[PDB]
Structures are given as C-alpha cells and as structure tokens.
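One structure is given below, encoded as structure tokens.
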There are 2 protein chains.
Amino acid sequence: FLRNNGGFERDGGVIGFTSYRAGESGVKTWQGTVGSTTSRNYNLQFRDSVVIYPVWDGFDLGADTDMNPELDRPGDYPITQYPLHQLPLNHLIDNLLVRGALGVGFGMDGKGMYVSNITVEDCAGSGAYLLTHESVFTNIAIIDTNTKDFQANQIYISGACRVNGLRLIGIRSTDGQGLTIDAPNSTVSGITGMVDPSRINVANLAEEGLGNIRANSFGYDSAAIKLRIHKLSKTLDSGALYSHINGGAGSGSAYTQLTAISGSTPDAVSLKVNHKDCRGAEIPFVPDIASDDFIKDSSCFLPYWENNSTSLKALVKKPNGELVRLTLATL
Amino acid sequence: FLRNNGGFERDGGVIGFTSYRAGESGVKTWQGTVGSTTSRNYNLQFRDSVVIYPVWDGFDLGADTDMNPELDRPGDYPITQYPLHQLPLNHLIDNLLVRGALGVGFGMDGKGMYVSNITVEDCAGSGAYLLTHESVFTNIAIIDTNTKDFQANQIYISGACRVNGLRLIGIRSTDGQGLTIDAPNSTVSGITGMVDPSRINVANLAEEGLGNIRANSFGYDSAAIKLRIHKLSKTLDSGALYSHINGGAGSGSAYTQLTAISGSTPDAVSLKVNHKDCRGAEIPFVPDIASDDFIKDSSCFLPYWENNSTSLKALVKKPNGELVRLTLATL
C-alpha cells in the first residue's frame, strides 16, 4: 500500500496471505517521504499474513526510515510533534508467521502501536529488530533464529516499549551467545523459556504477580529458588535458598540452606538446618576477630573465632546500640 | 444472531470478519429472551474475528444476562435448573481480538464454556467483565485497558472461574481504585506482569507448575522475593528474603538477609548472613527477658538480653520438654 489512509473505518488491509522468496518484503507499508509526498500508511488491518524466506525484511509495518525525512512531514504529523521512529499509524497486527529469513523477519516503527501474536522462526539472520519507541507488544515468539549467526541479537528493541510474554530458544541459537534480547531501555516482562540470564539485557525485569512459589526438580537432584542481581554479575547469584539431599535419594531427609555469596563463590557462607541429618542448625561465624563494621544490627550478636585463645566469642550489639564482647563458648 | 442453534454440528458463527462502530456490540449473541420467543443463541463458532471501536462489548457471547430473573425462562432451561449467568451454550471460542472499546471490551456468561486466546488491548474502558461461572479462560492478555477509569479494574470476574495464565500491566495502569485485577471470587494462576500483590484481589493465588527457577533483577540493586499473606495485611509482608550487594555493584559478594515483620513494621527482626563481608550469621535475641510462651519448641533455645548483667542468657527448652535457663555468654 502506498499512501493509503483507511480513515475512521480502518477500511483496507490484507486478511490472509502467503508470500515466498520476495527480493524485498512480502507485505510492506512503505517508509519515509518518497519524493515530496508521503508513502506512509495508516489504519490498515493485518491478520493471518505470512511471508516466508525474504532476502531482507519479511514484514515492514513501519513508516519511518533510519535517516530522518524532510522536516514537518507532508500529509502527516510533524517531526517536531513526534521524533524519528515515532508517529501513530494505528495498524492492527495479529497472527504473523515467518520461516527461514536471511534478513529480519519482523520490524516496524511508530508510537502508540499495539501489536500481538508475532511469530518468527528458523532464521539464518535475525528473527526480529525494532525501531519502535513507546509502543506496546504482546505474545512475541522468536525461536531458533540466527542459526548461521549473522547478527548477535535475536530480538532487539530501541524504545521504552512495554511488552508481556516472550518465549525463546530453538535447538541452538543465539550467535554462540551474546544476548537473545538486547533492549536495555525497554521494560519487558514475561521473559521465560530455556533462555539464560546472560542472554537477557533489559531495563527492568520482574514478574511479581505470581502466587505461592513451588519449585519442582526434574533433571536436578537439588531444588532452589535463586536470587540474582545482574549488576552483581549475570553469572553470579546474590543469594539463594538451596535444598540438597543428605545421603542418597529417597532418604526423606534433606538440609535447607540459606546462603549468601562471598568472594564470588556461591554457598560460601551457608546457614544450614538438618545438615547431614544432625537435626540442629549449623551456623557460620567469622574466621577472624569480628569488626565493628561487620555488625550494624541492634539486639543481634555476631559469633567470631579467636585463634589465640582457642575459644568462640560473640560480638554483641545490644538493644542499647553499644558493642560489648562476651565469651560465647569455652570448655 | 436472533434464535440460532447450530445443534451438535455447531453451525453458524462469524469467521474472518472486521466490525466497526456497532451501536450495541460488533458481534453479539443476544442477551436472554428478547421478543415473544427466545433470542438466546447456542453452538456458534467465533474465530479470527476483530471488532474495532465497539460502544459496549466487542464480543458479547452471553445469553443469560439481565433477562428473566424469574422462575421460568422462555425457550430456555429454568433458573432453578441453572442459576442466572449459567447455561451450556457451548460456543467455540478461540482467537478473538478487541480494540478501541469505550466500555467493557469482552463479556460473556455461561457454564461449561472453554475460552482460549483472548487479547483485549487499547480500550478506554475495561478489558473484560466476565459474568461466567465455572468457565476456563486460557492465554488471556489484558494490556492497557481502563485507561479512562470508567470502571475500577482492567479485568473483573464476578463468578468463580479458572484462569490459566494472565498478562497485566501496560504502559499505563489503573488508578480508579488502583486494583489491576479485582476478581475476588475467581482463582487465577500464572499472573504475568510487574503487578503488585496489593493490586491483585483474587480468591486463591498459587503456583504449582513452576520448576527450579531463578529470579532476575535489572535496574534494581536488590533482588526481593517476598512472602505475603493478605489476610495479615494487603500492603505488609509476613516475611521476605532480600539480597543486597555488599558495597558497590560488581563486587561479586552480596549479603542475604531473612526478614520477619514485628509490630506491623516490616524488616524489624532479621537474621543476616554474610553481614558486611564477615562470613557469619547475625543471631537476633529478645531485647528483654524471654517468656515461656515465646518458645514452645523442644530441643531449641531462644537467646535473650538482660541489661543489668550485660550478658547473653538463653532460655533453653530441652529435648526433655522441660525449660532451663542457662547463661549463653559471660562478661
């Protein structure tokens, strides 16, 4: 479509399509200002369209090129009103499919756009790239893409875009690993799959709506709900609840660890209960004399070891907030 | 559809359709008995249908709404046989898209209904008001609905329904009561989005399908997994597991603390592990003399403070089940 406005109705579009081996794109709404007039499209309905094996983009639902158009866009909202790669088109997008693409499978720009049910798979190059800023998306699936490893993304967002539901990873993807998702400025939720936390780079990731947590071990002999901060490192946990079986499996006895990472070695400091079926608490202590900056908690005591006296002592921070050293254990 | 029964064949329906500005509902099965004879519809197939900008619902798939609250319902089963908002309509419901609704975008009633793949986005009013009872709603995306706050929530369920998967939180979210989902009689599992627990009012919220999982934090200097009971208080935790970085980020050492609520003030009493790189556990104690109702666990000991002695003393409940007060540490 070249310079089509479906107006109020949203009349015009394509429902049902297949394209094989386009030299450009199978389904396109053209971008930039062509000549002194606009080629940009508005208000079109796109459902059940398919473009397989494109040389470049499979789908282009954009309206703005990488280079800026002439100022105060003709026939459209100005460049001042909406910066580059922002301008509402109000296209409706559902049920797209791409297989095998040398180029990208999917790409668009705009602001105020609403997108659902995008599927791209199998791809030699990228599954997805976006130019979008401040757009909404749902239910994106990028599987297997970059088989022959020709870009290092599989999905990219440049925006502040808010997205829910992302499922990833074929048999073998990413580039040899180098971010499935690079979108450091976008808030994305619903990221799940066999994707690694070192394949994820986003601005914020959380999913706090989930109920009571239950973890099931399959392919593992340990059960954990790990906590990881990615400013700490994306390969180092910041804490975890570990449960490891004492003795062989089926014993019915296991120890639960409340752990904190130290020195970049996980389970360096562990508070264990029922450790090797003791039925007691194995509590760590400082291997050297306790410092005054190792305790900040009123009405708590930090046990420490004194090698010199061969006795376990406690640095007690009272509810008075003052420090006093007591002898905790001596034979 | 006025008085259409597709029978066991499931004939009739709407497939491959786009509707714009209906003064009632774009695709509508008429509610209850209208006219001398029934207008209620059974066994119709709705797939790949789009309703853009309906005044009310885009898909009104009910048939038992506001008509005949009395003992007999004409051309239909009595209200004694099936309560109001319950009928075995058995419509085939998959792949439906609603956008632009001024009011509620989706509504239906019935029992034994199985609903899948419903995406309602960019609506001025609510995404769904579900008058269904004993119906299953699978793969539901309610994103950026109730953005003018006519209603009080993005999605409402009056009855008890089973919702497997949900996606909440768009680029804007509700503030008409600030409840993202108010559906206090429905049991919802798998809520996706960064929606706060206090903004979720549901009958039962639990997960039992998740495996061994890792929590990922981005844009946060802490990873928090919080344990919250909303009978206790909606906005206050009953316990939480925090992991905060020791010193600056990238250290590779982070202290994990286990917190509990006391006095209605969260993180009042905590047990810290690896507190400021000490590799020892902080053991809290009672700021006053321990009570004999505080500890009731055989083979456990509760430390307590006595100010005049300036010495730790621990009330020990022996494995004999008898209490003895021994001095834990001496000055």
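Shielding by partners for A:315-326, please: the mean number of other protein chain Cβ atoms within 10 Å of each residue's Cβ.
On the way: counts 2, 10, 1, 6, 6, 4, 0, 1, 0, 5, 2, 8.
For this peptide, the per-residue mean of nearby foreign Cβ atoms is 4.
Rank these for me by crowding, A:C161, B:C123, A:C123, A:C278, going from fewest to most other beta carbons within 10 Å.
Working: A:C161 23, B:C123 28, A:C123 32, A:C278 13.
Lowest count first: A:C278, A:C161, B:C123, A:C123.
Charge tally around B:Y53: other residues with Cβ under 11 Å, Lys/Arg +1 each, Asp/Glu -1 each, net +1.
Whole-Hz Karplus values for segment A:160-167 come out as 10, 4, 10, 9, 9, x, 8, 9 Hz, taken residue by residue from phi with 6.51 cos²θ - 1.76 cosθ + 1.60 and θ = phi - 60°; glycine and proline positions read x. Quick one: with label points 7 Å out along Cα→Cβ, list the inter-copy distances for B:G321 in nm, shortest first? Distances to the matching label points in the other copies: 4.5 nm. Distances in nm, one decimal, shortest first, from B:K226 to the same residue in every other copy, taking the label point 7 angstrom along Cα→Cβ. In ascending order, 2.5 nm. DSSP beta bridges fully contained in chain A are about 50 percent antiparallel.
For the residues B:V273, B:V163, B:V286, a GNM of chain B with alpha-carbon springs under 10 Å puts the largest fluctuation on B:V286.
Between B:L102 and B:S198, residue separation times 0.36 nm minus the direct Cα-Cα distance comes to 31.9 nm.
First select every other residue whose beta carbon is under 13 angstrom from the beta carbon of B:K317; then total the charges, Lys and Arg +1, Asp and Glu -1.
Details: positive: B:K296, B:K318, B:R325; negative: B:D292, B:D293, B:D297, B:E322.
The answer is -1.
Restricting the calculation to Cα atoms, the protein assembly as shown yields a radius of gyration followed by a Dmax of 30.2, 99 Å.
Across peptide B:250-261, how many C-beta atoms of other chains are within 10 Å of each residue C-beta, on average? It would help to have the intermediate numbers written out before the result.
Values: counts 4, 8, 10, 11, 13, 6, 12, 4, 4, 0, 0, 0.
Counting Cβ atoms of other protein chains within 10 Å of each residue's Cβ and averaging gives 6.
Taking amide H as placed 1.01 Å from N in the peptide plane, B:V269 has its amide H under 5 Å from the amide H of B:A260, B:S262, each at least 5 places away in sequence or on another chain.
Its Cα centre serving as origin, chain B has a Cβ charge dipole (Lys and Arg +1, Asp and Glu -1) of approximately 680 debye.
About the Cα centre, and with charges only on the beta carbon of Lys, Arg (+1) and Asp, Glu (-1), how big is the dipole of the protein assembly as shown? Nearest 20 debye, please. Mind showing how you got there, number by number?
Numbers: 54 positive and 68 negative charges, 238 e Å.
That gives the protein assembly as shown a dipole magnitude of about 1140 debye.
In this structure, the amide hydrogen of A:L102, modeled 1.01 Å from its nitrogen in the peptide plane, lies closer than 5 angstrom to those of A:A124, A:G125, counting only residues at least 5 positions away or on a different chain. When the listed pairs A:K272/B:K272; A:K296/B:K272; A:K318/B:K317 are checked against a 19 Å cut-off, the alpha-carbon distance exceeds it for A:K318/B:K317.
Taking B:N68, B:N307, B:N41 in turn, the Gaussian network model of chain B (Cα-Cα springs below 10 Å) assigns the largest fluctuation to B:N307.
In the assembly of identical copies, A:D267 has its label point, taken 7 Å from Cα in the direction of the beta carbon, separated from the corresponding points by 2.8 nm (ascending, one decimal).
Please arrange B:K272, A:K28 by counting, for each residue, the other beta carbons lying within 10 Å of its beta carbon, fewest first. Could you put the intermediate results ahead of the total?
Working: B:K272 26, A:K28 20.
Least crowded to most crowded, the residues run A:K28, B:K272.
For the protein assembly as shown, the residue among A:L258, B:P287, B:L130 whose Cα projects farthest onto the positive side of the dipole built from Cβ charges is B:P287.
Suppose every K and R has +1 on its Cβ and every D and E has -1 on its Cβ; what is the size of the dipole of segment A:115-272 about the Cα centre, in Debye to the nearest 20?
Working: 11 positive and 13 negative charges, 66 e Å.
Dipole about the Cα centre, nearest 20: 320 debye.
For A:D175 and B:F8, a Förster radius of 60 Å and the Cβ-Cβ distance give a FRET efficiency of 0.65, rounded to the nearest 0.05. Springs join every pair of Cα atoms under 10 Å in this Gaussian network model of chain B, and among B:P78, B:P287, B:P88 the largest mean-square fluctuation is at B:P287. Of A:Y156, B:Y220, the sequence from fewest to most neighbouring Cβ atoms within 10 angstrom is B:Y220, A:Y156. Roughly speaking, what is the centre-to-centre gap between segment A:150-191 and segment B:43-119 when only Cα atoms are used, to the nearest Å? Taking the Cα centre of each part, segment A:150-191 and segment B:43-119 sit 37 Å apart.
FYI, it's all coordinate maths here, none of it is from the lab. Positions of Cβ are generated from backbone atoms using ideal geometry, with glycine treated the same way; all protein chains shown enter the neighbour counts.
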